[PDB]
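Enquirer: Here it is, the structure in full.
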Amino acid sequence: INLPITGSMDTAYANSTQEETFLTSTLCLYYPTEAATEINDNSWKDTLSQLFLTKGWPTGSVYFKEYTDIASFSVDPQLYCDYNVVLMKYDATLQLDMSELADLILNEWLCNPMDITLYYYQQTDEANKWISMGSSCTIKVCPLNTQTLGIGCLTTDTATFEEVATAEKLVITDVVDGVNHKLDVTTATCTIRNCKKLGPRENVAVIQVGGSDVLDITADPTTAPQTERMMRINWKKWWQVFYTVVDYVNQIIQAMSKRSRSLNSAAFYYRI
Amino acid sequence: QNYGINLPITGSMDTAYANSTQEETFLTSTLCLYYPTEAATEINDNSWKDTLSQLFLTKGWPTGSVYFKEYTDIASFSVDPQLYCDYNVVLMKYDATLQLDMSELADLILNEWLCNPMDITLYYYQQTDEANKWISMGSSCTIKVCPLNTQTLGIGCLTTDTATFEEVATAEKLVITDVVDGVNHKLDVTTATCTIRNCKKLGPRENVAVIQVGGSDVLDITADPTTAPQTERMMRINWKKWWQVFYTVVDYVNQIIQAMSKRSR
Amino acid sequence: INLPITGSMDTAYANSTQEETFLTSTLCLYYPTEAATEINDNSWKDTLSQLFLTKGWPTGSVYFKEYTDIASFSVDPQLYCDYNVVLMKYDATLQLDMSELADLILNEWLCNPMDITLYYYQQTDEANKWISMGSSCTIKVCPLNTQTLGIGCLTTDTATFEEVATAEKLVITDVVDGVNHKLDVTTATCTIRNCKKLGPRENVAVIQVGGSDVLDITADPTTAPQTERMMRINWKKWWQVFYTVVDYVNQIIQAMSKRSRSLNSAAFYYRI
Amino acid sequence: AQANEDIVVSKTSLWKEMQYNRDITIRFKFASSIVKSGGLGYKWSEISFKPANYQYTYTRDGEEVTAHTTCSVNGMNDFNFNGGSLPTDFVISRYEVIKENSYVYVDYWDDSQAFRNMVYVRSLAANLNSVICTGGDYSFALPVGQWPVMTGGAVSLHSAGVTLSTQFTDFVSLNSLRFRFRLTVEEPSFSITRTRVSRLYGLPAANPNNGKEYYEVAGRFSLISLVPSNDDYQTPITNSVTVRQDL
Amino acid sequence: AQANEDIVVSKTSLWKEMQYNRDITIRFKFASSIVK
Ligand SMILES: *[C@@H]1O[C@H](CO)[C@@H](O)[C@H](O)[C@H]1NC(C)=O
Ligand SMILES: *[C@@H]1O[C@H](CO)[C@@H](O)[C@H](O)[C@H]1NC(C)=O
Ligand SMILES: *[C@@H]1O[C@H](CO)[C@@H](O)[C@H](O)[C@H]1NC(C)=O
Ligand SMILES: [Ca+2]
Ligand SMILES: [Ca+2]
Ligand SMILES: [Ca+2]
Ligand SMILES: [Ca+2]
Ligand SMILES: [Ca+2]
Ligand SMILES: [Ca+2]
Ligand SMILES: [Ca+2]
Ligand SMILES: [Ca+2]
Ligand SMILES: [Ca+2]
């Protein structure tokens, strides 16, 4: 809506919408297979549901969705719930991967497809990036000068191109804005899309179960922020993690806010 | 620019009728046809897409705005339809053995659902209003349901013996299940092959347009057997070929896209 | 004291209580064995005392207390001084342990005992926790339902319990507040106490000698704060560490403040 | 909450619905019936189970609690082994074995407040742990020749549903709690030595205890019963039986 | 009035007096004991 809103400061603070949003909303955890393994129980989901029931969340509102690997989850993450929590392990060798995952699910993207062979694309602003999904993506790019020739590369020799990904399941590529790039991608296994970063997704909450804060959501090397739905735990087991998430779910949902844009299951909008 | 809020908009009746948005919505929007494999089979040509696009050009739709997306059959398209364009047209063949399939498909695409997930093993669900349904997709869905009573026991079924359950679906690729509202139902589903989702029907999706190529109007979108509507974007045609169908779609694309309105969401 | 205090913004700033609080207070360092090992000197304590003498702390006011390891210190710590500094080595294999140590010493706990055999306990608020100390603590918990039976566990078969600790010297445990848990503990080797987290302990100061800031005192995942008396250093020797501490001891004790609660030599008060 | 709680969920003038939540140590024991046919001694008639009582006294958390347990079996399979029609071949007309299709019932009773006037019970449920019942070695004492020994047999008892029952005996009658157990066949098999039978799962009905005093299993039970408000009422326990006078 | 009714002729806080009027098919059998 384009119209303006008006209000006052004398009006009174209405009652707590908690204990009704719990009844009229859904909660969905995304846990690693490591947790199910360390637990080695076939009723922990019902256990956590019965626990949440004391926090107010009714039975049929809590859901659990196993994801085997951060990368396997990064391959087209499908979040369709009203309140999503993600438990994310820490691995230095997967730092940029679990940062791109955050950058993708925490924020809201509007994506057009890309036809590499027929056309040649560029980036316009500091939020127009190229996100590539698939099982093994190996991307290479050649910048082009004003007169549609190569710069440090040749339009025909795919070996002269500049590699930016090497069998990565999810990549977020930011190139210089203003120049046209010729791409080479393993299109048989991967799809690449030209996406624009919109305002944030307030429906999801990342929880780094392990080491120090590393996630740099913003691509620019000046902000290095830390938003509110981005937490950090120190862990040796998983039942403690889950009991903690349960005992402090109200703080989590107070740190989150239901979406404004539209209903969508994917992590990104499609507009052709 | 206030999002998530609904405010009163004012107007008048002496304002003048602004210019036509047609011939500009075409340039700044995309169209997408969904045709069956039968049509390309009958055609037997490898340039008919370029031909139709060059024809569309005369109606104002430029080259890189029109798209064609093929599907082998009605149920194979019913499996997770991804209609992601600014204008969607869906050609649909008529077969008495598939009336329910191509009514469920219509009910699914013409309308904009709000779908939450489901976990059968743990929870026992119920439908609250006349718009809450359970849509299951996949390659072969086989769904059975047992109503339950006030004390969490069965009604003509045993909570343990799955055979006693009542079969509503038998190897369907897409099912839209509506059960009695107010009674907790326990389910059994072939979750290995199908995913089921508790979906509330919101207002319609004005971005799609179904075109029934053959027989009379059959689509009973509304589950309630009282309305039996026929919307403006539910079209019908008689066919003995497919080139005539495509020429007709082209020559009358303007009325089609006047019957279709871009989404709200 | 229930009574109020009054004051004014016109009065004058008194002289520095530094150079007198030093004299009438004691300082105590807690260094690891590794330090004295890398040093291989037998008079480094008298050396550091003679150095502190320049900063104002008199001869018999500084003290040093060795601790072989973080966990061996975590086993019933006893901080009995007026200004404590702790030097803590970083190790990703000990992150939660040296965060629990922080949570224990930086804060001020009011602890009651626990009788697992005769009773089944529960946490009331987000400040009640269960802290367990000893040589090898293996803690398992079965949550309970309204009729005092098990939820995803069998009230007798201890294998079906949920493991939150595995051979740990110091465990700090938070469970879903509002339900009764049946516990299993290695009571022969560990004592467990139901402890409430009061206002913080301003007498101690942790100094992480190595890696980035990871200590999450607050068990809730949303806050992850960094107090003033939680410092960090980057190191390659220990003499430089100690010279830095001696050179910047004024800032440390300005970041610290003497206690108000009571006189107590343990890391937790006891109220039965 | 204590491990041995007792709570009141409703109380009228004379009656009251009392909730009980208590831990128990079921120490039970099988008992076998061996009937040997006449003649020389080479033919046995039946080797079956008999419901077996066992009363003990164990220690609660600072209390001494007397108990009474009664083990029984249902749905056992009747096998048999006949190697010849002559009076000198070793034959067993019918002997009983336990497998999946069978069940093991255990009636339990204590001197506690829960079982003092229990005639009505709802909200019944229990958490029991699983155990392993292993058979022993029974030497068929033949008159002359060799001495076959039925040795082996292991089977794991797993918790199952719970109900009520009545333990009848020549001394006491007890309105008792009935714990069921299902069976999963284990690796140790039972075999008659010096015979053409071996490697068959189950438990033998000759020496199930394996020279043990009992089979121990700990549990917890939770119920709600009707007890008169006055804590002085008593329901008849003892008996004086003269049944089967015709027998 | 049915054949297998169930009525509540009174009701206190816990107990209740109920009336039951029901049809039945007694399929009984003797058994003899011979001794030789
Ligand atoms: C608002 O909160 C107050 C304080 O708890 C309560 O008395 C009142 O009934 C509430 N009103 C509504 C409409 O929830
Ligand atoms: C609207 O249509 C009229 C008549 O064709 C034309 O004169 C006018 O310029 C149009 N408006 C605009 C803004 O071009
Ligand atoms: C505080 O410092 C000033 C400046 O050195 C000094 O003159 C004054 O005497 C000091 N106060 C007292 C109480 O000595
Ligand atoms: Ca990546
Ligand atoms: Ca190059
Ligand atoms: Ca860029
Ligand atoms: Ca169908
Ligand atoms: Ca049935
Ligand atoms: Ca319905
Ligand atoms: Ca620890
Ligand atoms: Ca368990
Ligand atoms: Ca807690």
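In the structure tokens, each chain is lettered A, B, ... as it comes, each chain's residues begin at 1, and ligands are numbered from 1 in order of appearance.
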Determine which residues of chain E sit within 12 Å of chain D, taking into account only C-alpha atoms, and present them as a PyMOL selection string.
Expert: chain E and resi 12-15+33+35
Enquirer: Would you mind exporting the chosen residues as a PDB file, in the first residue's frame, restricted to N, CA, C and O atoms?
Expert:
ATOM      1  N   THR E  12     -24.121 -38.379  42.087  1.00  0.00           N
ATOM      2  CA  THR E  12     -23.395 -37.636  43.106  1.00  0.00           C
ATOM      3  C   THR E  12     -22.037 -37.223  42.537  1.00  0.00           C
ATOM      4  O   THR E  12     -21.759 -37.432  41.349  1.00  0.00           O
ATOM      5  N   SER E  13     -21.221 -36.586  43.387  1.00  0.00           N
ATOM      6  CA  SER E  13     -19.958 -35.985  42.955  1.00  0.00           C
ATOM      7  C   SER E  13     -19.054 -36.970  42.218  1.00  0.00           C
ATOM      8  O   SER E  13     -18.437 -36.613  41.207  1.00  0.00           O
ATOM      9  N   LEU E  14     -18.966 -38.209  42.708  1.00  0.00           N
ATOM     10  CA  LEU E  14     -18.159 -39.262  42.095  1.00  0.00           C
ATOM     11  C   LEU E  14     -18.995 -40.421  41.580  1.00  0.00           C
ATOM     12  O   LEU E  14     -18.844 -40.821  40.420  1.00  0.00           O
ATOM     13  N   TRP E  15     -19.868 -40.977  42.414  1.00  0.00           N
ATOM     14  CA  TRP E  15     -20.651 -42.146  42.050  1.00  0.00           C
ATOM     15  C   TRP E  15     -21.870 -41.743  41.220  1.00  0.00           C
ATOM     16  O   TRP E  15     -22.070 -40.574  40.879  1.00  0.00           O
ATOM     17  N   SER E  33     -18.544 -85.457  34.717  1.00  0.00           N
ATOM     18  CA  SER E  33     -17.330 -86.038  35.281  1.00  0.00           C
ATOM     19  C   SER E  33     -17.577 -87.527  35.480  1.00  0.00           C
ATOM     20  O   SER E  33     -18.392 -87.918  36.327  1.00  0.00           O
ATOM     21  N   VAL E  35     -15.868 -91.316  36.335  1.00  0.00           N
ATOM     22  CA  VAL E  35     -14.755 -91.906  37.073  1.00  0.00           C
ATOM     23  C   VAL E  35     -14.943 -93.415  37.052  1.00  0.00           C
ATOM     24  O   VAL E  35     -15.983 -93.922  37.489  1.00  0.00           O
TER      25      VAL E  35
END
Enquirer: Please provide the set of residues having any atom within 10 Å of residue 96 (chain A), restricted to only C-alpha atoms, with same-chain residues fewer than 2 positions apart removed, written as number ranges by chain.
Expert: A: 91-94, 98-102, 171-172, 214-217
Enquirer: Hey, which residues sit close to ligand 10? Say within 6 Å, counting only C-alpha atoms and all ligand atoms, and write them as an mmCIF file with C-alpha atoms, in the first residue's frame.
Expert:
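Okay, out-v8.cif is ready:
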data_model
loop_
_atom_site.group_PDB
_atom_site.id
_atom_site.type_symbol
_atom_site.label_atom_id
_atom_site.label_comp_id
_atom_site.auth_asym_id
_atom_site.auth_seq_id
_atom_site.Cartn_x
_atom_site.Cartn_y
_atom_site.Cartn_z
ATOM 1 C CA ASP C 97 33.964 -25.641 29.144
ATOM 2 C CA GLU C 168 32.737 -33.482 32.135
ATOM 3 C CA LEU C 170 31.987 -28.782 35.288
ATOM 4 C CA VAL C 171 28.538 -28.839 33.657
#
Enquirer: List every residue of chain A that has an atom at most 9 Å from any atom of ligand 11, and for each one report the closest atom pair and its distance in Å to one decimal, counting only C-alpha atoms and all ligand atoms, with rows sorted by chain and then by increasing residue number, as a tab-separated table.
Expert:
residue	atom	partner	partner_atom_place_in_ligand_line	distance
A:39	CA	ligand 11	1 (Ca)	8.1
A:40	CA	ligand 11	1 (Ca)	8.3
A:41	CA	ligand 11	1 (Ca)	5.8
A:42	CA	ligand 11	1 (Ca)	8.1
A:43	CA	ligand 11	1 (Ca)	7.1
A:44	CA	ligand 11	1 (Ca)	6.8
A:47	CA	ligand 11	1 (Ca)	8.4
Enquirer: Taking only C-alpha atoms into account, report as a VMD selection string which residues of chain A lie within 9 Å of chain B.
Expert: chain A and resid 1 to 5 26 45 to 46 59 to 61 63 to 64 80 to 82 259 to 265 270 to 272
Enquirer: Around ligand 1, which protein and nucleic acid residues have at least one atom no more than 8 Å from it, if we count only C-alpha atoms and all ligand atoms? List them as an MDAnalysis selection string.
Expert: chainID A and resid 14:16
